[PDB]
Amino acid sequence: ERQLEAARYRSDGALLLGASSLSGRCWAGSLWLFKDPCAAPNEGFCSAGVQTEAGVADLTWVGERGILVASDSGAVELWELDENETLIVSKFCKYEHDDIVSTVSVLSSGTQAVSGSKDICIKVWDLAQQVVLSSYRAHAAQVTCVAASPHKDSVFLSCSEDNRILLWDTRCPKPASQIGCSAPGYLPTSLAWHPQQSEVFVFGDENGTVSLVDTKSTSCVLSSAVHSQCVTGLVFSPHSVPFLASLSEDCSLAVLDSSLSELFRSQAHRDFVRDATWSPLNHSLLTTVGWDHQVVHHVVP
C-alpha cells in the first residue's frame, strides 16, 4: 500500500498511519502504528500493523486504543488496539452506507461518532451499542467532509459537492443549517474547527482558497488564495494561539497564522499531500504524509 491516506499522532508521541492501494492487482488497505515516529514509513520498524478488507478513505483515533475507519466497502470499521499494543483486532465492521464512506469524525464525547459518505447520507453512530442512531440525507451530492464540534456533541459541520456547508445541532427538529460566504463560492473540500473559539471554523475550497467563518456573524470574515489546486485537509496546531496546516493536490503543505498569511511552505512531497498531525511532544514538529509513500517531518518556526 503506497498511497498513505491518514496520519494521526496519539496523545503520547505515537503515530497512526492509514494506507490504501489505488492501483495494481489488489485494491486493499492497512492500519499501522509507529511508537518511533521517525522510523516511518518503514514496515519493518513498526510497533503494530493490520490489513483491512479494502481501502481506507478517512481515519480517526477513538481515544488511546480505538481506531475508526471509513472503508470504500461502505462499512464503518472499529479496530481495538491489543492489550500490549502489538496487534490491531477488528472491534466491529458494519455495512450501513451504499457507497464509499469518504469521511469520519469522533464527537466531543467519544462514545458517539458521525460518518459522511458518497451516497449523500450522514449517519450518527453509537460506538458502544455498535448501531446507527440517526440517518440524515441532508445533501444533494456525495458528502465531501464531516468534522465534529470539538466541545459540543450534538454540534458538527458537513460540506458536500452540492456546494452546501451545513452546521448541525442534533437537539433541533431541523438539525442542519446552511451557512457560508455571500454568493455560491466554489465547492468546499475540508473543515477544521478552531480549537479555542468554538464559534468559528475554516473551510478549504476546490480552487485552493482557505476561508475563515464566524457562525455568530454567519459572514466570511477572511479568506486567502493559499494553493493553486484543491485544499484536501486542514489541521490546527495544539499551540496557545494556533497555526493552521493546509494540505493540497498541488503537493505542497502551508502553515498559516490567525490572519491566514503564509508562514511555512514545503515542496517535500512530489505526490498529493493527504493528511497531517502536529506532535503533542514538540508543538513545532508537524508530520505530513502523501501518496508518494513519504512521511516528512517539518520544523515549524
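Between two forms, the rigid core is defined as the largest C-alpha subset superposing within 1.5 Å. Just count from 1 along the sequence shown to find any residue number.
- When the other structures are laid on the shown form by the rigid core, the stretch among 69-77 and 172-180 with the greater C-alpha deviation in 6 other deposited structures of this protein turns out to be 172-180.
- Taking the PDB entry as given, 81-89 carries the higher mean Cα B factor of the two stretches 81-89 and 150-158.
- Looking only at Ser105, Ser182, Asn163, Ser102, the residue with the top Cα B factor in the deposited structure is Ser182.
- When the modelled residues of the chain are ordered by their C-alpha B factor, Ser23 lands in the lowest third.
- Compared with the other modelled residues of the chain, the Cα B-factor recorded for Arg274 ranks in the lowest third.
- Ranked against the other modelled residues of its chain, the C-alpha B-factor of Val221 as given in the entry falls in the highest third.
- When the modelled residues of the chain are ordered by C-alpha B-factor, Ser252 sits in the middle third.
- Placement of the Cα temperature factor of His283 within the chain: highest third of the modelled residues, per the deposited record.
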